[PDB]
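J.: Chains as they are written, first to last, in the deposited numbering: chain O, 1 to 98; chain N, 61 to 118; chain B, 1 to 206; chain G, 30 to 172; chain E, 5 to 175.
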Amino acid sequence: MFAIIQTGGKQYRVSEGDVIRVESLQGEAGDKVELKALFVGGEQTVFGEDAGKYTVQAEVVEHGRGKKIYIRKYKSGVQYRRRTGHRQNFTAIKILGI
Amino acid sequence: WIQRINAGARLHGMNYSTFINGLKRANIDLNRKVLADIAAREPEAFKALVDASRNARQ
Amino acid sequence: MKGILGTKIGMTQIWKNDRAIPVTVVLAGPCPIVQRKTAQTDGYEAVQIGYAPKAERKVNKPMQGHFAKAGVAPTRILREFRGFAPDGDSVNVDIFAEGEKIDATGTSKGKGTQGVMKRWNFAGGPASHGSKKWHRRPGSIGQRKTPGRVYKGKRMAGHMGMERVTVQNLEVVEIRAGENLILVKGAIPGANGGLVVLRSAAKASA
Amino acid sequence: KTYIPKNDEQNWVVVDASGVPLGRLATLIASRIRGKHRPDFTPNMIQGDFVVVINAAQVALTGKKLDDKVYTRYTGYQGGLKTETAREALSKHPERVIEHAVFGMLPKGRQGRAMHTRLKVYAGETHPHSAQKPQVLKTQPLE
Amino acid sequence: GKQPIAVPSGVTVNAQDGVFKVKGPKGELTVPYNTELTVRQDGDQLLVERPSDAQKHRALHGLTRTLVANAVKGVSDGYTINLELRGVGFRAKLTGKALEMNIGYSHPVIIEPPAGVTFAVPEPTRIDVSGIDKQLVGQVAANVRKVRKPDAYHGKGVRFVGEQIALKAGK
RNA sequence: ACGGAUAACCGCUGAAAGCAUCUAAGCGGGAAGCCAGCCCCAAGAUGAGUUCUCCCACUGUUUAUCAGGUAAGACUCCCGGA
RNA sequence: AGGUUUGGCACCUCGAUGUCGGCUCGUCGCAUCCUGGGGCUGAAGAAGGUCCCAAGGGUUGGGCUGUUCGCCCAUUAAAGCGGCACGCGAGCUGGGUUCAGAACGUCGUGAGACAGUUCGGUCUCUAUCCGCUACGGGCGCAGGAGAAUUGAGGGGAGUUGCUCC
RNA sequence: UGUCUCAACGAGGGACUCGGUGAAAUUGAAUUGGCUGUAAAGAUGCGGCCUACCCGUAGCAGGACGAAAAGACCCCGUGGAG
Ligand SMILES: [Mg+2]
Ligand SMILES: [Mg+2]
Ligand SMILES: [Mg+2]
Ligand SMILES: [Mg+2]
Ligand SMILES: [Mg+2]
Ligand SMILES: [Mg+2]
Ligand SMILES: [Mg+2]
Ligand SMILES: [Mg+2]
Ligand SMILES: [Mg+2]
Ligand SMILES: [Mg+2]
Ligand SMILES: [Mg+2]
Ligand SMILES: [Mg+2]
Ligand SMILES: [Mg+2]
Ligand SMILES: [Mg+2]
Ligand SMILES: [Mg+2]
Ligand SMILES: [Mg+2]
Ligand SMILES: [Mg+2]
Ligand SMILES: [Mg+2]
Ligand SMILES: [Mg+2]
Ligand SMILES: [Mg+2]
Ligand SMILES: [Mg+2]
Ligand SMILES: [Mg+2]
Ligand SMILES: [Mg+2]
Ligand SMILES: [Mg+2]
Ligand SMILES: [Mg+2]
Ligand SMILES: [Mg+2]
Ligand SMILES: [Mg+2]
Ligand SMILES: [Mg+2]
Ligand SMILES: [Mg+2]
Ligand SMILES: [Mg+2]
Ligand SMILES: [Mg+2]
Ligand SMILES: [Mg+2]
Ligand SMILES: [Mg+2]
Ligand SMILES: [Mg+2]
Ligand SMILES: [Mg+2]
Ligand SMILES: [Mg+2]
Ligand SMILES: [Mg+2]
Ligand SMILES: [Mg+2]
Ligand SMILES: [Mg+2]
Ligand SMILES: [Mg+2]
Ligand SMILES: [Mg+2]
Ligand SMILES: [Mg+2]
Ligand SMILES: [Mg+2]
Ligand SMILES: [Mg+2]
Ligand SMILES: [Mg+2]
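(1) For the alpha helix (DSSP H) containing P62 (chain B), name the first residue and the last one.
(2) According to DSSP, simplified to helix, strand and coil, what is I77 (chain B)?
(3) By the 9 angstroms beta-carbon criterion, what residues does the stretch 66–99 of chain G contribute toward chain N?
(4) Since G153 (chain B) meets chain G, which of its residues come closer than 9 angstroms, beta carbon to beta carbon?
(5) If you follow the alpha helix (DSSP H) that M117 (chain B) is in, where does it begin and where does it stop?
(6) List the residues that DSSP assigns as beta-bridge partners of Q35 (chain B).
(7) Give a yes or no on whether 7 angstroms exceeds the smallest Cβ distance from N87 (chain N) to chain O.
(8) Is the beta carbon of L170 (chain B) sitting closer than 7 angstroms to the one on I102 (chain B)?
(9) Which residues, taken in chain order from the stretch 28–49 of chain O, show a beta carbon closer than 8 angstroms to some beta carbon of chain N?
(10) What does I98 (chain N) reach in chain O if we use C-beta pairs closer than 7 angstroms?
(11) Flag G68 (chain N) as yes if its beta-carbon sits less than 7 angstroms from any beta-carbon of chain G, otherwise no.
(12) Report yes or no: do three or more beta-carbon pairs, one from the stretch 33–43 of chain G and one from the stretch 102–111 of chain N, lie closer than 8 angstroms?
(13) Between the C-alpha atoms of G66 (chain O) and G41 (chain O), what's the straight-line distance to the nearest angstrom?
(14) Under 7 angstroms between C-beta atoms, does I98 (chain O) make it to chain N?
(15) Can you look up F96 (chain B) in the DSSP assignment and give me helix, strand or coil?
(16) Tell me the DSSP secondary structure of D96 (chain G) in three-state form.
(17) Three-state secondary structure (DSSP) at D48 (chain E)?
(18) Does the count of Cβ pairs from the stretch 52–59 of chain B and the stretch 114–121 of chain B closer than 8 angstroms reach three?
(19) Which residues of chain O have a Cβ atom closer than 8 angstroms to the Cβ of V94 (chain N), listed in chain order?
(20) By a C-beta neighbour count over all protein chains shown, 10 Å radius and 16 as the cutoff for buried, is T105 (chain B) buried or exposed?
(21) Assuming the contact rule is C-beta atoms closer than 8 angstroms, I136 (chain E) and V79 (chain E) should be a hit. Round their C-beta distance to whole Å, please.
(22) Does DSSP put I58 (chain G) in a helix, in a strand, or in coil?
(23) Between which residues of its own chain and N89 (chain O) is the CB-CB distance below 6 angstroms, once the five residues before and five after are set aside?
(24) Could you say which of O:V56, O:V61 and O:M1 lies nearest to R13 (chain O) if we only look at CA atoms?
(25) Could you work out which residue in E:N147, E:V76, E:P117 and E:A124 is closest to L98 (chain E) when comparing CA atoms only?
(26) What's the call for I114 (chain E), buried or exposed, on a 16-neighbour Cβ count within 10 Å?
(27) Within 10 angstroms of the Cβ of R69 (chain E), are there 16 or more other Cβ atoms? Answer buried if so, exposed if not.
(28) Chain O partners of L90 (chain N), CB-CB under 7 angstroms?
(29) Can you round the beta-carbon distance between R92 (chain N) and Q6 (chain O) to whole angstroms, since I take them to be within the 8 angstroms contact cut?
(30) Any beta carbon from chain G within less than 7 angstroms of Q63 (chain N)'s own beta carbon?
(31) Please say whether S108 (chain B) and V26 (chain B) have beta carbons closer to each other than 7 angstroms?
(32) Report the neighbours of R117 (chain N) on chain G: residues whose CB is nearer than 9 angstroms to its CB, in chain order.
(33) Please classify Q64 (chain B) as buried or exposed, where buried requires at least 16 other C-beta atoms within 10 Å of its C-beta.
(34) What does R114 (chain N) reach in chain G if we use C-beta pairs closer than 7 angstroms?
(35) By alpha-carbon positions, which one of O:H86, O:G52 and O:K75 ends up nearest to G9 (chain O)?
(36) Rounded to a whole number of angstroms, what is the C-alpha to C-alpha distance between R62 (chain E) and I80 (chain N)?
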């Protein structure tokens, strides 16, 4: 049930990579430590900032670029077409934390 | 997500308006609506979130 | 109510106390009770009666066993009559009384694909003064854009005749019971040699 | 990443209708058939329930409605169709009344028509679907 | 149109629900009753009254009181309207349980009285309808009056016996 | 024709409004009109209905996995047809 | 109030939306000509007046005129009023007005003109889709077949006189 | 005297079926319904609601503001010609 929710995520999926908006944390150097809004790490769980007293560390895995996309804009009768390439970068992070 | 969340909320005698507000009143949980659904795939938890929202509301 | 099956034999001239009477001759040949429909079993009350015989060499096995369960020789023709509860087999004898009015059902003679004049009495266009709409040819079928379709049920060239048809309250002039002949006043639908049903006058007079 | 259930489940249910205002029993049946109850999961799938309305003849129609309500229907013919029935002419076929309300409160698409398959109405207090032993429902929710 | 009910010696009454059945000397009867009010104690004379000094109630106050009143007035006493044929050659006959109107139409007219209502005539030119229900005797007599309303110009028709009727000038 | 519910309308019972009132609860009467009744169509009513009768459990190894000989029964073809 | 008249305005249509009348075919409104039911009448009867309900069906044949109208003849229960591109020309006429000829009256010196009047004058064999009338092929309707059928629903029909009791 | 009330029957030549040869105008693309409403003011194509299984063949002409000719009327051009 682990959740990359929004930008910084808080859910119990022990031990796997997943993709995030980016970090600056070079290589594996990040070892980014994480908040925690609620996760079931042993059947039991909580939210009331008792999740905040927990935290999940995650090794960084690698930086990457998402799939290519073409932004395409058009409006009738007025000429006006627009083609423009785009793709958004990310950081892949492995999880290990409590 | 909204559909599923208040479906679960009504499973326990609440509703999206009521459950979402009471969760908001409880030291702001700030789970996404995505995330509250998935806990509508893990009923024992969503249940406690319902009891917790029902608290910060009595 | 009362019912029976027969063949249309033809129309002739007659007399009764010096009134010339056109009549149609009908063979209401004896009919057999092949099936009895209770409501308790088939949901409504009716009787399945048969008419023109045919040799069992021409009667396929399923129809054979149908007729066989009822104890009857195979019949080229079968029909139901609602609300009848006859006994034994349905002969025209006494089933109609002389001077009764009766509903005669038959099948219109098949006139093929008739135009509008024949079919719906159109009375199409003038034959001079200058057309190429002389013959049938309906005039308009609509009115410009206003609904901008042509009406459902519009009268148009089509297949005329071959319809089922009932003619009610024909009078029973005569009954030669031993011949299984029934003499009825006036015309009946369909061509000679055809099937026809005589039943009790459905719209009985007051 | 959102969960997308497979649906082995079939769910039979027995709604009584005596005295319930028609539109209200209608809305409860339409909701229970469309999904809604339980996490809806996919809109894509008809994962709602089979409803078995009974005593449809006894539906209340609060207000003047019993003889004001004029259901209207149109035969293709441009001879005047638009025949109309009083709803007091639910005596002719009460299930139609129920079945009409519900189909109004259902989607009108391919899947919606397909949903109408899940409604079974019987004007009497009896039905033949004993083989699915439907769960009883109540009729209204509480805050 | 309110006030206490009177209870004649040969009467009984039940206050269950809106039901109200009586078993007086001429037989049992029942009067439909709004249950928004409660039927009152039978200890001697009886009256029911409105919960509210509200507009909509006191109308039912009076209707309900008078209805139970007339129901008792019937079960204990009976009921019987009088009627007078009037006009040249107008008359009636009794034939079994039915009235035999004979008044100015090509076809003699008949009427079969709904249950519990007895036609009677003594003088051939006068009818009397006796019975238990007052609404029933009212509609029955109103039917026999329907057979011919007295005409404006000359007063031919069914009359009430006591019924004065002014007449239009003719010529 | 008969019948059911109605229109204008005509009435019974009847308060509000101690009288009266066809209406405010209730009830009856009432048209070539409405529903049904008459004739014709109709289960593609995909919600595809019901009943009587008929034929019956054939054959092919992990290779051809569904097809193939047949039943009951049709169809092609021939001679004709209000 | 309606939106059927004459109009205002100029909004789509000037790389075309054929216009009067007739014929043919229909169908709708109802503010009802007839029939059906009612109230009132200065309604005795009869014959009526007028208002309310009512749109099922019905609503004639000729003379004159291009006519629509309207007048007339002879009937009628009645001889209704309107919508539908003032319904309907890829359905017909082409009498009417909007082409070329020609004439009268009038206007213009003229060429020519018209509020006009008059005789004459090309109306385009093949339906793609939708809509309609008829008729088949396919599949479906949890085995394959032959017959008999309930009727959800849908269509047709629906006028009226005269005389006698 | 079939012009007509008022149309009938019959003939031939087409139209229909099979074998041979085989065009045309038109065509934004089309998986191209009804009512009502809305939209540049007359909707298959927008909205709501109804109806509707797939595909043909013979036929009718209401729609597709159907086809044909960049309206001949009308106005405009500091256009043309008799
Ligand atoms: Mg656009
Ligand atoms: Mg622009
Ligand atoms: Mg033939
Ligand atoms: Mg002709
Ligand atoms: Mg046209
Ligand atoms: Mg349209
Ligand atoms: Mg009174
Ligand atoms: Mg009434
Ligand atoms: Mg009645
Ligand atoms: Mg009649
Ligand atoms: Mg099925
Ligand atoms: Mg096989
Ligand atoms: Mg064989
Ligand atoms: Mg105008
Ligand atoms: Mg302007
Ligand atoms: Mg164009
Ligand atoms: Mg013009
Ligand atoms: Mg009116
Ligand atoms: Mg009258
Ligand atoms: Mg008179
Ligand atoms: Mg005339
Ligand atoms: Mg002459
Ligand atoms: Mg007209
Ligand atoms: Mg105009
Ligand atoms: Mg026109
Ligand atoms: Mg043309
Ligand atoms: Mg001309
Ligand atoms: Mg001069
Ligand atoms: Mg000439
Ligand atoms: Mg000419
Ligand atoms: Mg040709
Ligand atoms: Mg079988
Ligand atoms: Mg039916
Ligand atoms: Mg259908
Ligand atoms: Mg020929
Ligand atoms: Mg299609
Ligand atoms: Mg608008
Ligand atoms: Mg429109
Ligand atoms: Mg679209
Ligand atoms: Mg649309
Ligand atoms: Mg279908
Ligand atoms: Mg053609
Ligand atoms: Mg064009
Ligand atoms: Mg131009
Ligand atoms: Mg110049």
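Cβ coordinates follow ideal geometry from the N, Cα and C atoms, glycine included.
T.: Taking the geometry as given:
(1) Position 62 of the third sequence holds residue 62 (chain B). Element bounds for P62 (chain B): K61 to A70.
(2) On the third sequence, position 77 is the one that residue 77 (chain B) refers to. Correct three-state label for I77 (chain B): coil.
(3) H66, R67, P68, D69, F70 and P72
(4) In the third sequence, residue 153 (chain B) corresponds to position 153, counting from 1. Simply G105, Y106, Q107 and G108.
(5) Here the question's residue 117 (chain B) lines up with position 117 in the third sequence. Segment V116 to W120, the alpha helix (DSSP H) holding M117 (chain B).
(6) By one-based count along the third sequence, residue 35 (chain B) stands at place 35. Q35 (chain B) is bridged to B:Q48.
(7) For the purposes of this step, residue 87 (chain N) is identified with residue 27 of the second sequence, where counting begins at 1. So, interface residue.
(8) Residue mapping note: residue 170 (chain B) aligns to position 170 of the third sequence, counting from 1. Residue mapping note: residue 102 (chain B) aligns to position 102 of the third sequence, counting from 1. Yes, the pair counts as a contact, with Cβ atoms nearer than the cut-off.
(9) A37, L38, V40, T45, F47, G48 and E49
(10) Reading the second sequence from its first residue, position 38 is the one you call residue 98 (chain N). Per Cβ cutoff of 7 angstroms: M1.
(11) Numbered from its first residue, the second sequence carries residue 68 (chain N) at position 8. Yes - at least one Cβ of chain G is within 7 angstroms of the one on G68 (chain N).
(12) no
(13) Mapped onto the first sequence, residue 66 (chain O) falls at position 66. Mapped onto the first sequence, residue 41 (chain O) falls at position 41. Answer to the nearest angstrom: the Cα atoms are 30 angstroms apart.
(14) For the purposes of this step, residue 98 (chain O) is taken as the residue at position 98 of the first sequence. Chain N contact via Cβ: absent.
(15) Taking the third sequence and counting its residues from 1, one reaches residue 96 (chain B) at position 96. In the structure shown, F96 (chain B) sits in coil (DSSP, three-state: anything other than H, G, I, E or B).
(16) Within the fourth sequence, residue 96 (chain G) is the residue found at index 67, counting from 1. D96 (chain G) falls in the helix class under three-state DSSP.
(17) Numbered from its first residue, the fifth sequence carries residue 48 (chain E) at position 44. In the structure shown, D48 (chain E) sits in coil (DSSP, three-state: anything other than H, G, I, E or B).
(18) no
(19) Here residue 94 (chain N) refers to the residue found at position 34 of the second sequence. Correct list: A3 and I5.
(20) One-based indexing of the third sequence puts residue 105 (chain B) at position 105. By the neighbour-count rule (16 or more Cβ atoms within 10 Å), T105 (chain B) is buried.
(21) For the purposes of this step, residue 136 (chain E) is identified with residue 132 of the fifth sequence, where counting begins at 1. For the purposes of this step, residue 79 (chain E) is identified with residue 75 of the fifth sequence, where counting begins at 1. At roughly 7 angstroms, the Cβ-Cβ gap stays under 8 angstroms, so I136 (chain E) and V79 (chain E) are in contact.
(22) Residue mapping note: residue 58 (chain G) aligns to position 29 of the fourth sequence, counting from 1. It is helical.
(23) Within the first sequence, the letter at position 89 stands for residue 89 (chain O). Once the five neighbours on either side are set aside, the close Cβ partners of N89 (chain O) are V22 and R65.
(24) Mapped onto the first sequence, residue 13 (chain O) falls at position 13. It is O:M1.
(25) Counted from its first residue, the fifth sequence places residue 98 (chain E) at position 94. When each option's Cα is compared against that of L98 (chain E), the closest is E:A124.
(26) Here residue 114 (chain E) refers to the residue found at position 110 of the fifth sequence. With fewer than 16 other Cβ atoms within 10 Å, it is exposed.
(27) Numbered from its first residue, the fifth sequence carries residue 69 (chain E) at position 65. That one is buried.
(28) Locating residue 90 (chain N) in the second sequence gives position 30, where the first residue counts as 1. Near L90 (chain N) (Cβ distances below 7 angstroms), the residues of chain O are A37.
(29) The residue labelled residue 92 (chain N) in the question sits at position 32 within the second sequence. The residue labelled residue 6 (chain O) in the question sits at position 6 within the first sequence. Right, their Cβ atoms sit about 6 angstroms apart.
(30) Against the second sequence, residue 63 (chain N) aligns to sequence position 3. True, the Cβ-Cβ gap to chain G drops below 7 angstroms.
(31) Position 26 of the third sequence, counted from the first residue, corresponds to residue 26 (chain B). Position 108 of the third sequence, counted from the first residue, corresponds to residue 108 (chain B). No.
(32) Sequence index remark: in the second sequence, residue 117 (chain N) carries index 57 (1-based). By Cβ distance, chain G contributes nothing, its closest Cβ being about 12 angstroms from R117 (chain N), past 9 angstroms.
(33) Locating residue 64 (chain B) in the third sequence gives position 64, where the first residue counts as 1. By the 10 Å Cβ count, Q64 (chain B) comes out exposed.
(34) Residue mapping note: residue 114 (chain N) aligns to position 54 of the second sequence, counting from 1. Under the 7 angstroms cutoff, chain G gives no residues; its nearest Cβ is about 11 angstroms from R114 (chain N).
(35) The residue you call residue 9 (chain O) lines up with position 9 of the first sequence. Here the closest residue by C-alpha is O:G52.
(36) To locate residue 62 (chain E), count along the fifth sequence from 1; it is residue 58. To locate residue 80 (chain N), count along the second sequence from 1; it is residue 20. Approximately 51 angstroms between the Cα atoms of the pair.
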